[PDB]
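Read through the structure below, which is laid out as structure tokens, and then see the notes.
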Amino acid sequence: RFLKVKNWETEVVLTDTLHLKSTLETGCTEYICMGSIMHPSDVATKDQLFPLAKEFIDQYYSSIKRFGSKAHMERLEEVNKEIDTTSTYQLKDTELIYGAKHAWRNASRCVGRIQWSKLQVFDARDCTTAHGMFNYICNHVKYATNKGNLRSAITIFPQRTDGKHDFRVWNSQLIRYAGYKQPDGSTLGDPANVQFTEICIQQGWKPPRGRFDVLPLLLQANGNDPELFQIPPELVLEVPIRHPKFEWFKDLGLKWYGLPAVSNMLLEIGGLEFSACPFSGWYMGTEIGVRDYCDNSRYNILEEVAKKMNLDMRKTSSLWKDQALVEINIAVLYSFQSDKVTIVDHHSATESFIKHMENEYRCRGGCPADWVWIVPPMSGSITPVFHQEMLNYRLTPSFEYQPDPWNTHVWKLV
Amino acid sequence: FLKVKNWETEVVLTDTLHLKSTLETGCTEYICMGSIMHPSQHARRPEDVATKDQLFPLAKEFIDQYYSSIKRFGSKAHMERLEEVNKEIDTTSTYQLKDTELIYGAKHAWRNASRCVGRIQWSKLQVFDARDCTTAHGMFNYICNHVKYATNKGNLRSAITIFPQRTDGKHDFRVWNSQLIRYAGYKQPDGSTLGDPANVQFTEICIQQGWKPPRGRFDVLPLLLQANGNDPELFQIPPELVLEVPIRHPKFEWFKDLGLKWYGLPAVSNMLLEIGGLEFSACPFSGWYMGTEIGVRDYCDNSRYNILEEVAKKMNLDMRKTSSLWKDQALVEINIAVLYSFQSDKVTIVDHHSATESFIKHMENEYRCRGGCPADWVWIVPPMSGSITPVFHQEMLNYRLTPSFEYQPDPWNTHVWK
Ligand code: HEM
Ligand code: HEM
Ligand SMILES: CNCCc1cc(F)c(F)c(-c2cc(C)cc(N)n2)c1
Ligand SMILES: CNCCc1cc(F)c(F)c(-c2cc(C)cc(N)n2)c1
Ligand SMILES: C[C@H](O)[C@H](O)[C@H]1CNc2nc(N)[nH]c(=O)c2N1
Ligand SMILES: C[C@H](O)[C@H](O)[C@H]1CNc2nc(N)[nH]c(=O)c2N1
Ligand SMILES: [Zn+2]
């Protein structure tokens, strides 16, 4: 069986066979589509783990043209022994690297996957304490940031065991700014991070109470209570936002960090769950310029920018929001490029994603892609992905959502 | 029950309407086809003249639904109607809708149209019953009346004109035009395209049918009308019925020199209206534009008028690299101009901010009174400035309710000429 996808701009038609390998649920049913649901839908038993492990080891050995080899069969034998005797197993380093890369390759929501195979994998499975996690994360940040020449990287902490000894980065990203609810209902800093900022403060963090306070790391090792650590400031590369034409833009006092590093997802490889697996790449500008800066729930700067632009804001059909949004995103890109910090604009990124998609169809038989996420949050139809039909399905290894740690963690101190 | 969350407002709506869905979406629990243009070929009755046990269940379902809608389920009139539809099918292999049922069905096909952001207006739909029509000339008359009513000197009014339903499939009524009013497209000797590239093929059919093209950039195409399965016939819409808006910019006096215009009346005419198993293959319907339809898609798609280059040049933007966002900057100015121009000419238009806000309001109304609102996020989110409209942050459930508007093959792919 085959499924065809068409680009309505180029009329290129691609043929997806890879969807036949999909495993887990999309959330849709035959009569309901949940493609715009953000999160649709304790630890694996021995019986559940065997086939998951087998399928992963089979696909690892197929990828390296060793399917059915003696090494393939001995690895299956060996994996089965550990599951039988220990109720889990340990990945070889090669398998960990392959697994991490393919979870990225399989991330249907990620427009940046043309880069999937160039992923630096830091094996942190020997880590035992939050201090060790901090050290591993600093090394990750420093390597990934690379003085602005950003390099993709992931750091993989020990896998889940009984679900009671989870490693977790409590931060949603490694680098984010604090948010502080004011008594008057206004928010200082990033409103998205108010709750997490409260948790940090409650754990002892002394907040500067500024607009762009880099949050401390809140790191949980082995199911213990999480611990606070300040990322050394010299490792946090930031970009002050200015505009190439509007001299007043710098007066807005905006900055952002260079390193987008997601740390609250779960990496699943062969049925193993890596609950702490921070990964980082580089920014597409609309992430900052459209969502971080202009979401009504985020820094919400449209009004201020439009004011300084002298736009007519009395009516929506003046498209004053649209006009200000473009300029903000111009500023974001100009600023990063001026500081020689890796960034990709949505046009280049979606263009590369189409090339990647077509290549994946050619060499892999498909490429799961979540149109709702792949299309940029501005100027959608002038990017090529808008016109690209996509099939969404869940391949493993995969990155998955997991509950926030403060909702499941049971505290131990006092 | 299924919940949808708005991630900006944290409003959660609980959907039960989806339990009434009838057609496959194309998705499965293993694959999502949400961005496929035509994901499913699941039809409620086979392609041509259904047997009785194929059509009657669909008719019963619709009549049941109609009589439920007016609090008359099981009433004398309801049961008589069932008996009547049963006899009609028994004796003609089809049945005929009452005017009230026709109107109910058309409004509900609109209400059920998951891709339409304009549905807050759904019950304000003028329905023109053209089921007595027999010739392309009569179809032209009906369409002219529709266009004139709908246009209303720029105070646009939503309307649908419904021609005779399909019978055996060899006697189809079709408007071969994809929309009642579109501009021609011409292949130039050098290889470029003049006018609307989407309509090059249709334009060639027209020319081949005897149409004399003026070969300009905005030549309103003739109507190509097919009645009772016969060869289609060309008709020129009276130009006084075709309201057009010259596009100018409130700030850039040079914008008018681009010579752009668009027509006021968006009037889709290639879709199929399905009510109770009956298929109305010619059912042109029209409302009024959301500005982005013109300013983003019509004007700025690469395979349409593709005007970003021209506009950015006149704006003196740096077009060397994508990261100057010169396309995005021109895109906004174009859409400012379109809205400004329609508004200056007192032609109904809605901007994507107002339209998307109305749709969120419509969603809430529908969840409150109806228990759900099928909505296709991929189509509802405007093609520019997505996340600064509320619908971007609105989770949606997409499912297929009947009555409905369906796609159908282009008639030139299926018509055996005479
Ligand atoms: C190298 C440059 C990269 C670029 C330009 C890029 C771009 C993006 C963008 C724009 C998004 C949407 C983010 C949002 O809207 O919140 C995204 C999502 C995502 N990225 Fe990539 N990314 C990159 C690297 C990576 C890497 C290295 C990984 C993992 C190894 C990764 C995994 C993911 C995942 C799992 C998502 C979806 C998150 C979710 O579902 O909530 N990306 N990416
Ligand atoms: C009255 C004002 C209306 C507005 C502002 C409006 C807006 C829109 C827009 C922007 C689209 C997407 C168009 C595209 O991207 O090609 C759309 C699609 C659609 N509209 Fe509406 N519309 C209106 C009236 C109507 C009416 C009166 C009907 C039917 C009686 C209708 C039925 C549909 C359908 C079926 C689609 C989906 C078309 C497809 O799947 O290809 N709309 N509408
Ligand atoms: C759990 N859902 C988080 C989604 C998210 C939020 C965010 F703020 C990001 F920055 C990225 C993201 C991640 C990577 C690796 C590259 C990139 N460009 N963006 C992804
Ligand atoms: C078959 N798919 C065609 C989709 C389509 C194309 C188009 F060009 C339009 F103009 C509208 C449309 C229709 C109505 C009633 C109002 C409105 N604003 N737009 C819809
Ligand atoms: C409701 C909707 O699914 C939600 O707002 C999505 C839309 N598309 C997105 N796309 C990206 N890249 N990131 C997002 O956070 C979202 N949010
Ligand atoms: C492939 C993709 O589904 C296709 O480009 C869709 C995307 N969303 C759309 N949304 C609207 N309103 N109109 C369209 O034509 C499209 N095209
Ligand atoms: Zn789906």
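When reading the values below, keep in mind they use all heavy atoms of this one structure, side chains included, and skip hydrogens, waters and symmetry mates. In what follows, chains carry the letters A, B, and so on, assigned in the order in which the sequence lines appear, proteins first and then strands, with residues in each chain numbered from 1.
- Within a 6.0 Å sphere centred on NZ of A:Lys21, other residues, nucleotides and ligands contribute 12 heavy atoms or fewer.
- In this structure, A:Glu82 and A:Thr88 have side chains that are not in contact, with every pair of non-hydrogen atoms separated by 4.5 Å or more.
- Counting heavy atoms of neighbouring residues, nucleotides and ligands inside a 6.0 Å radius, atom CZ of A:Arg364 exceeds 12 of them.
- The neighbour count for B:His38 NE2, taken as heavy atoms of other residues, nucleotides or ligands under 6.0 Å away, is above 12.
- Aromatic ring centroids of A:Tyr293 and A:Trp256 lie under 6.0 Å apart.
- Atom OH of A:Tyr143 sits about 9.5 Å away from atom OG of A:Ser280, to the nearest 0.5 Å.
- Under the side-chain hydrogen bond (donor to acceptor under 3.5 Å, both in side chains) criterion, A:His387 pairs with no residue at all, not counting sequence neighbours.
- Using a 30° and 60° split on the angle between ring planes, A:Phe134 and A:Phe229 fall in the parallel class, below 30°.
- Without hydrogens or angle criteria, A:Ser36 side chain to B:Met396 main chain gives a donor-acceptor distance under 3.5 Å.
- Under the side chain to side chain donor-acceptor pair (under 3.5 Å) criterion, the residue pairs touching residues 372-385 of chain A are A:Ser379-B:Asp328, with sequence neighbours excluded.
- With a 4.5 Å cut-off on side-chain heavy atoms, A:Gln120 and A:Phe122 count as touching.
- Using a cutoff of 4.0 Å between basic side-chain nitrogens and carboxylate oxygens, A:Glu74 and A:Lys70 are not scored as salt-bridged.
- Between A:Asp190 and A:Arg176 there is a salt bridge, with a side-chain nitrogen of the basic residue lying less than 4.0 Å from a carboxylate oxygen of the acidic one.
- Residue A:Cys277 forms a side chain to side chain contact (heavy atoms under 4.5 Å, CB included) with just one option from A:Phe399, A:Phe167, A:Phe157, and that option is A:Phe399.
- In A:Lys142, the NZ atom is not crowded: 12 or fewer heavy atoms of neighbouring residues, nucleotides or ligands sit closer than 6.0 Å.
- Between A:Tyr136 and A:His140, the distance from one ring center to the other does not fall under 6.0 angstrom.
- Ion pair B:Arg400/B:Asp376 not flagged as a salt bridge, since none of the NZ, NE, NH1 or NH2 atoms sits closer than 4.0 Å to an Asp/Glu carboxylate oxygen.
- Legend: residues meeting side-chain hydrogen bond (donor to acceptor under 3.5 Å, both in side chains) with A:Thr94, ordered by chain and number and at least two apart, are A:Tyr60.
- Few gaps surround CD on A:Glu234; more than 12 heavy atoms of other groups in view lie less than 6.0 Å from it.
- For the pair A:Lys6 and A:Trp8, the cation sits on the ring face: its NZ or CZ lies under 6.0 Å from the ring centre, inside 45° of the axis.
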Could you go step by step and tell me if A:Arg105 and A:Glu360 meet the salt bridge (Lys or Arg N to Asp or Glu O under 4.0 Å) rule?
CA-CA 9 Å; A:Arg105 188 189 197 178; A:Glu360 292 286 80; 2.8 Å; yes

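- Salt-bridge formation is not detected for the pair B:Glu395/B:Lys3: no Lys NZ or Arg NE/NH1/NH2 atom is positioned less than 4.0 Å from an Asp or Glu carboxylate oxygen.
- Salt-bridge formation is detected for the pair A:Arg75/A:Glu95: a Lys NZ or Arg NE/NH1/NH2 atom is positioned less than 4.0 Å from an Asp or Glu carboxylate oxygen.
- Between A:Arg125 and A:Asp123, at least one side-chain nitrogen of the basic residue sits less than 4.0 Å from a carboxylate oxygen of the acidic one, meeting the salt-bridge criterion.
- A 6.0 Å sphere centred on NZ of A:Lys46 holds more than 12 heavy atoms belonging to other residues, nucleotides or ligands.
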